[PDB]
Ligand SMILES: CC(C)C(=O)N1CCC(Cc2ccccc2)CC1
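Only one chain comes next, encoded as structure tokens, the form solved without the named molecule.
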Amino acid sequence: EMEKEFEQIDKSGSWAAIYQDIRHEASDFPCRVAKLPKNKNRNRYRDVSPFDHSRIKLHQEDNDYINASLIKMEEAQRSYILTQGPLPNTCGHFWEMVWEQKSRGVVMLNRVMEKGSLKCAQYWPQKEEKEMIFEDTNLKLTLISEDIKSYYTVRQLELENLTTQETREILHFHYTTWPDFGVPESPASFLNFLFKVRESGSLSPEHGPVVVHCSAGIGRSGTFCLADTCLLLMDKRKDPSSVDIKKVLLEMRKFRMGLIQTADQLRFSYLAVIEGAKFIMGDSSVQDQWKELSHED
């Protein structure tokens, strides 16, 4: 039902119970590679690991492990790589993964420092003149430009495979005002930011999967991906009522643990999708409305 369901859940105020049921039903696969002693320093959180079956393997002989999951949505025909915020020792692996998986876009939904603590290494360069070289993976990364808005920033980077001397443009979409364990300001703020990613071409089938991360790579990242997938699904069918959000989330959780972290995050997903349906179904206007409502200037 979607909008009828949302308002049935609001009416009773049963969002916690709906969310817990999803947690109850969720898939549980081994994360044996992630739990190997030699990988302990490659994981940011003890209890957030990628399942062996869907994990991204680095193309080296030495240690192919990264805390990263491929979310391959078959019906939707879109994939995402959900990963944790890279650590000081895994920034090289991060860019290796981006290179090997032919990703064009990186979506970052967290701040480097949140609530006094460092949720993510400084993995991209903050100034044109001070490029980064990742010696372990032989990659160079250069800030090409940045367009700073009120609550989000878009950065052009150039990624270079130092071995082959091939270079790629990576688009970096940094949402700076999404609180950990929280939700965006409004559906408008969120949708405005999602459509920026969309409009960049980063989600094209002709590219590798977009890399999405926050700190753990499941809460805010899960929320972002659910909404995008639900919108794509109804887009393909031009049929909002054919989307079962909880069923999509459950499908998503086959590929990485714990996607969406609070009941309110789930409630926001419903919100964002219901509002986003307006554009999908032929309302040009709402895109301009979101932009205004988001106060991006």
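Just count from 1 along the sequence shown to find any residue number.
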Residue 268 by Cα B-factor - lowest, middle or highest third of the modelled chain
middle
Mind checking which third residue 86 falls in for C-alpha B-factor across the chain?
lowest
Cα B factor band for residue 72 (lowest, middle or highest third within the chain):
middle
The third of the chain into which the C-alpha temperature factor of residue 219 falls is the lowest
Sorting by Cα B-factor within the chain, modelled residues only, which third would residue 134 end up in: lowest, middle or highest?
highest
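One more form of this protein exists, namely the form deposited with the named molecule bound; it is left out here, but the text below deals with it.
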Open or blocked: site for the named molecule, pose in the bound PDB entry superimposed, 2.4 Å backbone/C-beta cut-off, 3-atom minimum
blocked
Is there a non-hydrogen atom of residue 191 within 4.5 angstroms of a non-hydrogen atom of the named molecule in the bound PDB entry?
yes
Touches the named molecule in the bound PDB entry: residue 231 (any heavy atom, 4.5 Å)
yes
Scan 142-162 and write down, in order along the chain, each residue with a heavy atom lying within 4.5 Å of the named molecule in the bound PDB entry.
none
